[PDB]
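Data file: final-v5.cif. Format and content: mmCIF, N, CA and C atoms.
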data_structure
#
loop_
_atom_site.label_atom_id
_atom_site.label_comp_id
_atom_site.auth_asym_id
_atom_site.auth_seq_id
_atom_site.Cartn_x
_atom_site.Cartn_y
_atom_site.Cartn_z
N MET D 1 11.51 -15.61 12.51
CA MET D 1 11.06 -14.62 11.53
C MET D 1 10.61 -13.30 12.13
N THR D 2 9.98 -12.45 11.30
CA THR D 2 9.49 -11.13 11.72
C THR D 2 7.98 -11.06 11.87
N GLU D 3 7.51 -10.19 12.79
CA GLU D 3 6.08 -9.98 13.06
C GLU D 3 5.70 -8.50 12.97
N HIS D 4 4.49 -8.22 12.45
CA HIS D 4 3.98 -6.86 12.28
C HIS D 4 2.62 -6.69 12.94
N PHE D 5 2.58 -6.01 14.10
CA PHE D 5 1.35 -5.80 14.86
C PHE D 5 0.57 -4.55 14.48
N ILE D 6 -0.72 -4.74 14.17
CA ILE D 6 -1.69 -3.70 13.80
C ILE D 6 -3.08 -4.01 14.38
N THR D 7 -3.89 -2.97 14.59
CA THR D 7 -5.26 -3.09 15.09
C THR D 7 -6.21 -2.76 13.94
N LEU D 8 -7.07 -3.72 13.55
CA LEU D 8 -8.00 -3.54 12.44
C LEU D 8 -9.45 -3.46 12.89
N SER D 9 -10.18 -2.47 12.35
CA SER D 9 -11.59 -2.22 12.65
C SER D 9 -12.55 -2.71 11.57
N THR D 10 -13.78 -3.06 11.99
CA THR D 10 -14.86 -3.52 11.10
C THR D 10 -15.84 -2.37 10.84
N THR D 11 -15.89 -1.42 11.77
CA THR D 11 -16.73 -0.23 11.72
C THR D 11 -15.97 0.96 11.12
N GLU D 12 -14.76 1.25 11.62
CA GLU D 12 -13.93 2.41 11.22
C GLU D 12 -12.92 2.18 10.07
N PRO D 13 -12.42 3.26 9.43
CA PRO D 13 -11.40 3.10 8.39
C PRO D 13 -10.09 2.59 8.96
N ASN D 14 -9.30 1.81 8.19
CA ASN D 14 -8.03 1.28 8.66
C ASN D 14 -6.81 2.01 8.07
N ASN D 15 -6.97 3.31 7.73
CA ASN D 15 -5.89 4.15 7.16
C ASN D 15 -4.91 4.75 8.20
N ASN D 16 -5.23 4.68 9.50
CA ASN D 16 -4.40 5.24 10.58
C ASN D 16 -3.45 4.23 11.24
N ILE D 17 -3.55 2.94 10.87
CA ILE D 17 -2.75 1.82 11.39
C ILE D 17 -1.24 2.01 11.18
N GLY D 18 -0.44 1.24 11.92
CA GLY D 18 1.02 1.23 11.79
C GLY D 18 1.43 0.74 10.42
N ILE D 19 2.52 1.28 9.88
CA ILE D 19 2.98 0.93 8.54
C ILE D 19 3.72 -0.41 8.50
N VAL D 20 3.07 -1.43 7.89
CA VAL D 20 3.61 -2.78 7.73
C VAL D 20 4.52 -2.79 6.50
N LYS D 21 5.82 -3.06 6.70
CA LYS D 21 6.80 -3.11 5.62
C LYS D 21 7.40 -4.51 5.48
N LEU D 22 6.91 -5.27 4.50
CA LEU D 22 7.37 -6.64 4.24
C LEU D 22 8.50 -6.68 3.21
N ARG D 23 9.25 -7.80 3.18
CA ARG D 23 10.36 -8.01 2.26
C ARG D 23 10.03 -9.09 1.26
N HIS D 24 10.14 -8.75 -0.03
CA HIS D 24 9.82 -9.59 -1.18
C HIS D 24 10.45 -10.99 -1.25
N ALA D 25 11.79 -11.09 -1.25
CA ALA D 25 12.49 -12.37 -1.38
C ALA D 25 13.09 -12.90 -0.07
N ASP D 26 12.45 -12.57 1.08
CA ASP D 26 12.88 -12.95 2.43
C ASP D 26 13.13 -14.45 2.61
N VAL D 27 14.27 -14.76 3.24
CA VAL D 27 14.75 -16.10 3.58
C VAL D 27 13.87 -16.67 4.72
N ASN D 28 13.50 -15.81 5.69
CA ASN D 28 12.70 -16.17 6.86
C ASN D 28 11.23 -15.76 6.78
N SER D 29 10.41 -16.32 7.70
CA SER D 29 8.97 -16.05 7.75
C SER D 29 8.64 -14.62 8.16
N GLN D 30 7.51 -14.13 7.64
CA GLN D 30 7.02 -12.76 7.87
C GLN D 30 5.54 -12.86 8.17
N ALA D 31 5.12 -12.37 9.34
CA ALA D 31 3.73 -12.46 9.73
C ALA D 31 3.10 -11.16 10.19
N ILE D 32 1.79 -11.00 9.89
CA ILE D 32 0.98 -9.84 10.29
C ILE D 32 0.12 -10.27 11.48
N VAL D 33 0.38 -9.69 12.66
CA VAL D 33 -0.36 -9.97 13.88
C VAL D 33 -1.44 -8.88 13.95
N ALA D 34 -2.71 -9.28 13.88
CA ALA D 34 -3.80 -8.30 13.87
C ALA D 34 -4.79 -8.42 15.02
N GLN D 35 -5.11 -7.27 15.64
CA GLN D 35 -6.11 -7.16 16.71
C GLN D 35 -7.42 -6.71 16.04
N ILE D 36 -8.44 -7.59 16.01
CA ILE D 36 -9.73 -7.28 15.42
C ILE D 36 -10.53 -6.42 16.41
N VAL D 37 -11.06 -5.33 15.88
CA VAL D 37 -11.78 -4.33 16.65
C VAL D 37 -13.13 -3.98 16.03
N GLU D 38 -14.13 -3.77 16.89
CA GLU D 38 -15.47 -3.34 16.51
C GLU D 38 -15.82 -2.21 17.47
N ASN D 39 -15.87 -0.97 16.95
CA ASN D 39 -16.13 0.28 17.69
C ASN D 39 -15.03 0.60 18.73
N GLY D 40 -13.78 0.27 18.40
CA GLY D 40 -12.63 0.52 19.26
C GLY D 40 -12.42 -0.48 20.38
N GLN D 41 -13.11 -1.63 20.31
CA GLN D 41 -13.01 -2.70 21.31
C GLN D 41 -12.86 -4.07 20.63
N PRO D 42 -12.12 -5.04 21.25
CA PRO D 42 -11.93 -6.35 20.60
C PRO D 42 -13.20 -7.04 20.11
N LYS D 43 -13.09 -7.70 18.95
CA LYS D 43 -14.20 -8.41 18.33
C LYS D 43 -14.07 -9.92 18.48
N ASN D 44 -15.07 -10.52 19.11
CA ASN D 44 -15.17 -11.96 19.29
C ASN D 44 -15.56 -12.57 17.95
N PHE D 45 -14.80 -13.54 17.45
CA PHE D 45 -15.15 -14.22 16.21
C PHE D 45 -15.16 -15.73 16.43
N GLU D 46 -15.69 -16.13 17.62
CA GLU D 46 -15.83 -17.52 18.07
C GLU D 46 -16.76 -18.26 17.12
N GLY D 47 -16.29 -19.41 16.65
CA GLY D 47 -17.01 -20.24 15.70
C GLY D 47 -16.83 -19.79 14.26
N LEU D 48 -15.97 -18.77 14.04
CA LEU D 48 -15.67 -18.23 12.71
C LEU D 48 -14.19 -18.39 12.38
N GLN D 49 -13.91 -18.63 11.09
CA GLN D 49 -12.57 -18.83 10.55
C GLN D 49 -12.11 -17.57 9.79
N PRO D 50 -10.97 -16.96 10.18
CA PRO D 50 -10.51 -15.77 9.44
C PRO D 50 -9.83 -16.11 8.12
N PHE D 51 -10.04 -15.25 7.11
CA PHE D 51 -9.47 -15.42 5.78
C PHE D 51 -8.75 -14.16 5.33
N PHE D 52 -7.54 -14.33 4.78
CA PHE D 52 -6.75 -13.23 4.26
C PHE D 52 -7.17 -13.02 2.80
N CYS D 53 -7.82 -11.89 2.52
CA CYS D 53 -8.28 -11.57 1.17
C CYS D 53 -7.44 -10.44 0.58
N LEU D 54 -6.47 -10.80 -0.27
CA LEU D 54 -5.61 -9.83 -0.95
C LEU D 54 -6.35 -9.31 -2.16
N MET D 55 -6.40 -8.00 -2.35
CA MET D 55 -7.12 -7.43 -3.46
C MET D 55 -6.28 -7.26 -4.73
N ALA D 56 -6.90 -7.64 -5.85
CA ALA D 56 -6.28 -7.49 -7.17
C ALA D 56 -6.36 -6.02 -7.56
N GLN D 57 -5.23 -5.48 -8.02
CA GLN D 57 -5.15 -4.11 -8.49
C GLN D 57 -5.34 -4.09 -10.00
N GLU D 58 -5.79 -2.94 -10.51
CA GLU D 58 -6.09 -2.67 -11.91
C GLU D 58 -4.88 -2.70 -12.85
N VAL D 64 -8.15 -11.31 -7.23
CA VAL D 64 -8.29 -11.46 -5.78
C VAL D 64 -7.72 -12.79 -5.31
N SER D 65 -7.06 -12.79 -4.14
CA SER D 65 -6.46 -14.00 -3.57
C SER D 65 -6.92 -14.24 -2.13
N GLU D 66 -7.53 -15.41 -1.89
CA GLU D 66 -8.04 -15.80 -0.58
C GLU D 66 -7.21 -16.92 0.03
N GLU D 67 -6.81 -16.74 1.29
CA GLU D 67 -6.01 -17.71 2.03
C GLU D 67 -6.52 -17.81 3.46
N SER D 68 -6.69 -19.05 3.95
CA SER D 68 -7.14 -19.29 5.32
C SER D 68 -6.01 -18.98 6.29
N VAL D 69 -6.32 -18.22 7.35
CA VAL D 69 -5.38 -17.84 8.41
C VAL D 69 -5.21 -19.05 9.34
N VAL D 70 -3.96 -19.45 9.59
CA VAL D 70 -3.65 -20.63 10.41
C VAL D 70 -3.88 -20.40 11.91
N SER D 71 -3.19 -19.42 12.52
CA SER D 71 -3.29 -19.15 13.96
C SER D 71 -4.16 -17.94 14.31
N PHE D 72 -5.06 -18.12 15.30
CA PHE D 72 -5.97 -17.08 15.78
C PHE D 72 -6.54 -17.37 17.16
N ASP D 73 -6.77 -16.29 17.93
CA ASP D 73 -7.40 -16.32 19.24
C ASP D 73 -8.71 -15.55 19.05
N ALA D 74 -9.77 -16.29 18.67
CA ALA D 74 -11.12 -15.76 18.40
C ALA D 74 -11.72 -15.01 19.59
N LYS D 75 -11.46 -15.50 20.83
CA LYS D 75 -11.93 -14.91 22.08
C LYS D 75 -11.34 -13.52 22.34
N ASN D 76 -10.00 -13.37 22.19
CA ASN D 76 -9.30 -12.09 22.40
C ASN D 76 -9.28 -11.20 21.15
N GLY D 77 -9.86 -11.70 20.06
CA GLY D 77 -9.95 -11.00 18.79
C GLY D 77 -8.63 -10.79 18.07
N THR D 78 -7.70 -11.77 18.19
CA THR D 78 -6.39 -11.68 17.54
C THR D 78 -6.17 -12.77 16.51
N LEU D 79 -5.32 -12.48 15.52
CA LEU D 79 -4.93 -13.42 14.47
C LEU D 79 -3.49 -13.21 14.03
N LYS D 80 -2.87 -14.27 13.51
CA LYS D 80 -1.51 -14.24 13.00
C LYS D 80 -1.53 -14.83 11.59
N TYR D 81 -1.29 -13.97 10.58
CA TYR D 81 -1.25 -14.41 9.18
C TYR D 81 0.20 -14.40 8.67
N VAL D 82 0.68 -15.54 8.16
CA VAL D 82 2.03 -15.66 7.60
C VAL D 82 1.96 -15.25 6.13
N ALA D 83 2.69 -14.19 5.75
CA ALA D 83 2.72 -13.67 4.38
C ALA D 83 3.16 -14.74 3.39
N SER D 84 2.25 -15.09 2.47
CA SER D 84 2.47 -16.08 1.41
C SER D 84 3.31 -15.44 0.31
N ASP D 85 3.76 -16.24 -0.67
CA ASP D 85 4.52 -15.73 -1.81
C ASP D 85 3.63 -14.78 -2.64
N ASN D 86 2.31 -15.05 -2.67
CA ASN D 86 1.31 -14.24 -3.38
C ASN D 86 1.16 -12.86 -2.72
N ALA D 87 1.14 -12.83 -1.37
CA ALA D 87 1.04 -11.59 -0.59
C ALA D 87 2.29 -10.71 -0.72
N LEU D 88 3.44 -11.30 -1.06
CA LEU D 88 4.73 -10.61 -1.20
C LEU D 88 5.12 -10.28 -2.64
N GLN D 89 4.37 -10.79 -3.63
CA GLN D 89 4.68 -10.63 -5.04
C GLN D 89 4.70 -9.20 -5.56
N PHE D 90 3.64 -8.41 -5.28
CA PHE D 90 3.61 -7.03 -5.75
C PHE D 90 4.50 -6.12 -4.90
N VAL D 91 5.67 -5.75 -5.45
CA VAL D 91 6.63 -4.87 -4.78
C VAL D 91 6.07 -3.45 -4.86
N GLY D 92 5.53 -3.00 -3.74
CA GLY D 92 4.91 -1.69 -3.62
C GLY D 92 3.76 -1.71 -2.64
N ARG D 93 2.77 -0.83 -2.85
CA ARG D 93 1.62 -0.74 -1.96
C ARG D 93 0.54 -1.77 -2.29
N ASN D 94 0.22 -2.61 -1.29
CA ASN D 94 -0.80 -3.66 -1.39
C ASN D 94 -2.01 -3.31 -0.54
N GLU D 95 -3.20 -3.75 -0.97
CA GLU D 95 -4.46 -3.54 -0.27
C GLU D 95 -5.10 -4.89 0.02
N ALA D 96 -5.48 -5.13 1.29
CA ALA D 96 -6.09 -6.39 1.73
C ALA D 96 -7.11 -6.19 2.85
N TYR D 97 -7.86 -7.26 3.19
CA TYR D 97 -8.86 -7.27 4.26
C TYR D 97 -9.05 -8.69 4.83
N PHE D 98 -9.58 -8.78 6.06
CA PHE D 98 -9.86 -10.07 6.71
C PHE D 98 -11.35 -10.36 6.73
N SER D 99 -11.73 -11.54 6.21
CA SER D 99 -13.11 -12.01 6.15
C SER D 99 -13.29 -13.19 7.10
N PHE D 100 -14.34 -13.16 7.93
CA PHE D 100 -14.63 -14.19 8.94
C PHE D 100 -15.80 -15.03 8.47
N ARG D 101 -15.55 -16.34 8.28
CA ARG D 101 -16.52 -17.26 7.68
C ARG D 101 -16.81 -18.53 8.48
N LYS D 102 -18.01 -19.10 8.24
CA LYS D 102 -18.45 -20.37 8.82
C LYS D 102 -18.96 -21.30 7.71
N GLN D 103 -18.79 -22.62 7.88
CA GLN D 103 -19.17 -23.63 6.91
C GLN D 103 -20.57 -24.17 7.05
N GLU D 104 -21.28 -24.16 5.91
CA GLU D 104 -22.67 -24.59 5.81
C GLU D 104 -23.02 -24.81 4.32
N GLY D 105 -23.38 -26.04 3.99
CA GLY D 105 -23.69 -26.47 2.64
C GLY D 105 -22.47 -27.01 1.92
N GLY D 106 -21.39 -27.22 2.69
CA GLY D 106 -20.09 -27.67 2.19
C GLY D 106 -19.22 -26.56 1.63
N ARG D 107 -19.58 -25.30 1.94
CA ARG D 107 -18.87 -24.11 1.49
C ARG D 107 -18.84 -23.03 2.58
N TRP D 108 -17.76 -22.24 2.60
CA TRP D 108 -17.56 -21.16 3.56
C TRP D 108 -18.48 -19.98 3.27
N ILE D 109 -19.06 -19.39 4.33
CA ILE D 109 -19.98 -18.25 4.23
C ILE D 109 -19.57 -17.14 5.19
N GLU D 110 -19.27 -15.95 4.64
CA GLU D 110 -18.85 -14.79 5.42
C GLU D 110 -19.96 -14.22 6.30
N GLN D 111 -19.69 -14.15 7.61
CA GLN D 111 -20.60 -13.60 8.61
C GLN D 111 -20.36 -12.10 8.76
N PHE D 112 -19.10 -11.67 8.60
CA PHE D 112 -18.63 -10.28 8.66
C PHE D 112 -17.16 -10.19 8.22
N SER D 113 -16.66 -8.96 7.99
CA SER D 113 -15.28 -8.73 7.58
C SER D 113 -14.73 -7.42 8.12
N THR D 114 -13.40 -7.27 8.08
CA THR D 114 -12.73 -6.03 8.48
C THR D 114 -12.78 -5.10 7.28
N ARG D 115 -12.45 -3.84 7.50
CA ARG D 115 -12.38 -2.87 6.42
C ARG D 115 -10.99 -2.97 5.82
N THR D 116 -10.82 -2.56 4.55
CA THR D 116 -9.52 -2.65 3.88
C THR D 116 -8.43 -1.86 4.59
N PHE D 117 -7.20 -2.36 4.48
CA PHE D 117 -6.00 -1.76 5.02
C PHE D 117 -4.90 -1.96 4.00
N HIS D 118 -3.82 -1.19 4.15
CA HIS D 118 -2.70 -1.30 3.24
C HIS D 118 -1.44 -1.75 3.94
N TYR D 119 -0.58 -2.45 3.19
CA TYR D 119 0.74 -2.90 3.61
C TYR D 119 1.71 -2.72 2.45
N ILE D 120 2.99 -2.51 2.75
CA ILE D 120 4.00 -2.30 1.72
C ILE D 120 4.99 -3.45 1.59
N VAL D 121 5.15 -3.97 0.36
CA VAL D 121 6.14 -5.00 0.10
C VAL D 121 7.33 -4.27 -0.51
N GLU D 122 8.47 -4.35 0.18
CA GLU D 122 9.72 -3.72 -0.24
C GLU D 122 10.68 -4.75 -0.81
N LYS D 123 11.67 -4.26 -1.57
CA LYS D 123 12.71 -5.07 -2.19
C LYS D 123 14.02 -4.28 -2.19
#
Rewrite the structure from the file as structure tokens, please.
Amino acid sequence: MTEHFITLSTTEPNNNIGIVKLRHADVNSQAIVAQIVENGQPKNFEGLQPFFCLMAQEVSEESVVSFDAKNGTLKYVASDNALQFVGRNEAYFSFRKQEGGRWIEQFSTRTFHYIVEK
């Protein structure tokens, strides 16, 4: 399949990132490879689980399968939900830990945009 590499910040805006262009009815897998950054340097998210939070336009949460918490990297495979809106999509990554039998966000990235083409 295809991969899309971008660097996402928790402190700074994510409007300057590389343009991610996904395909709506793709036969093969499509993934967003993200470098988590805090003040322009990698963010350790050891003991935390990343979540793909797609925003509803005028919300969809999915657990990210592959990640290197130490190097601050993650690989999210675009779901059918993430590819549904043909056009400009807005999403963010939330890092959570389990306590009380439910996930609790310790911190998150700032919103970024990706384009689903057809």
Take the PyMOL selection byres ((chain D and resi 25-33) around 6), apply it to the structure above, and return the hits as a compact mmCIF listing (two decimals) with N, CA and C atoms, in the frame of the given file.
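What landed in result-v9.txt:
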# COMPACT_ATOMS: atom_id res chain seq x y z
N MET D 1 11.51 -15.61 12.51
CA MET D 1 11.06 -14.62 11.53
C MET D 1 10.61 -13.30 12.13
N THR D 2 9.98 -12.45 11.30
CA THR D 2 9.49 -11.13 11.72
C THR D 2 7.98 -11.06 11.87
N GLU D 3 7.51 -10.19 12.79
CA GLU D 3 6.08 -9.98 13.06
C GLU D 3 5.70 -8.50 12.97
N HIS D 4 4.49 -8.22 12.45
CA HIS D 4 3.98 -6.86 12.28
C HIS D 4 2.62 -6.69 12.94
N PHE D 5 2.58 -6.01 14.10
CA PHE D 5 1.35 -5.80 14.86
C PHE D 5 0.57 -4.55 14.48
N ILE D 6 -0.72 -4.74 14.17
CA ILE D 6 -1.69 -3.70 13.80
C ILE D 6 -3.08 -4.01 14.38
N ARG D 23 9.25 -7.80 3.18
CA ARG D 23 10.36 -8.01 2.26
C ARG D 23 10.03 -9.09 1.26
N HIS D 24 10.14 -8.75 -0.03
CA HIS D 24 9.82 -9.59 -1.18
C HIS D 24 10.45 -10.99 -1.25
N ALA D 34 -2.71 -9.28 13.88
CA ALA D 34 -3.80 -8.30 13.87
C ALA D 34 -4.79 -8.42 15.02
N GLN D 35 -5.11 -7.27 15.64
CA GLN D 35 -6.11 -7.16 16.71
C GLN D 35 -7.42 -6.71 16.04
N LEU D 79 -5.32 -12.48 15.52
CA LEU D 79 -4.93 -13.42 14.47
C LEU D 79 -3.49 -13.21 14.03
N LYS D 80 -2.87 -14.27 13.51
CA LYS D 80 -1.51 -14.24 13.00
C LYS D 80 -1.53 -14.83 11.59
N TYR D 81 -1.29 -13.97 10.58
CA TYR D 81 -1.25 -14.41 9.18
C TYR D 81 0.20 -14.40 8.67
N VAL D 82 0.68 -15.54 8.16
CA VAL D 82 2.03 -15.66 7.60
C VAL D 82 1.96 -15.25 6.13
N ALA D 83 2.69 -14.19 5.75
CA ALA D 83 2.72 -13.67 4.38
C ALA D 83 3.16 -14.74 3.39
- [ ] For the file shown, report as a ChimeraX atom specification the outcome of the PyMOL selection byres (((chain D and resi 103-117 and name CA) around 7) and name CA) at residue level.
- [x] /D:8-10,13-15,95-102,118-119
Task: Per-residue DSSP, chain D, filtered to strand (DSSP E or B), as a PyMOL selection string - done: chain D and resi 2-9+21-23+30-38+41-42+49-54+65-68+71-73+78-82+92-103+108-113+117-122
- [ ] Starting from the point (6.5, -3.6, -4.4), work out which residues of protein, DNA or RNA have an atom no more than 7 Å away when counting all atoms listed in the file; state them as a PyMOL selection string.
- [x] chain D and resi 89-93+120-123
Task: helix (DSSP H, G or I) positions in chain D, given as a ChimeraX atom specification - done: /D:85-89
Go ahead and write the selection's residues with N, CA and C atoms as a compact mmCIF listing (two decimals), keeping the file's coordinate frame.
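This went into out18.txt:
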# COMPACT_ATOMS: atom_id res chain seq x y z
N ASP D 85 3.76 -16.24 -0.67
CA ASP D 85 4.52 -15.73 -1.81
C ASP D 85 3.63 -14.78 -2.64
N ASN D 86 2.31 -15.05 -2.67
CA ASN D 86 1.31 -14.24 -3.38
C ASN D 86 1.16 -12.86 -2.72
N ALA D 87 1.14 -12.83 -1.37
CA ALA D 87 1.04 -11.59 -0.59
C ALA D 87 2.29 -10.71 -0.72
N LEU D 88 3.44 -11.30 -1.06
CA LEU D 88 4.73 -10.61 -1.20
C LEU D 88 5.12 -10.28 -2.64
N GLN D 89 4.37 -10.79 -3.63
CA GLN D 89 4.68 -10.63 -5.04
C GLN D 89 4.70 -9.20 -5.56
TODO: Grab the atom CA of residue 46 of chain D to atom CA of residue 71 of chain D distance for me, in Å with one decimal place.
DONE: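 So the two atoms, atom CA of residue 46 of chain D and atom CA of residue 71 of chain D, lie 13.3 Å apart.
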TODO: Work out how far apart atom CA of residue 48 of chain D and atom CA of residue 67 of chain D are and give it in Å to one decimal.
DONE: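 Computing the Euclidean distance for atom CA of residue 48 of chain D and atom CA of residue 67 of chain D yields 14.4 Å.
Going from atom CA of residue 86 of chain D over to atom C of residue 58 of chain D, you cover 16.2 Å.
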TODO: Identify, on the basis of all atoms listed in the file, every residue whose closest approach to residue 66 of chain D does not exceed 7 Å; exclude the query and any residue fewer than 3 positions from it along the same chain; express the result as an NGL selection string.
DONE: :D and (51-54)
- [ ] Might you pull out every residue within 5 Å of residue 36 of chain D, with only N, CA and C atoms counted and same-chain residues fewer than 5 positions away left off, and present them as a list in words?
- [x]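 Residues near the query, excluding close chain neighbours: residues 8, 42, 43, 77 and 78 of chain D.
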Task: Residue with smallest distance to residue 38 of chain D - pool D:65, D:11, D:16, D:21, counting all atoms listed in the file - done: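 Closest to residue 38 of chain D of all the choices is D:11.
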Grab all the atoms of segment 85-90 of chain D that the file lists, wrap them in a box along x, y and z, add 3 Å per side, and give me centre plus edge lengths in Å (one decimal) as JSON.
{"center_x": 3.1, "center_y": -11.2, "center_z": -3.2, "size_x": 10.1, "size_y": 16.1, "size_z": 11.2}
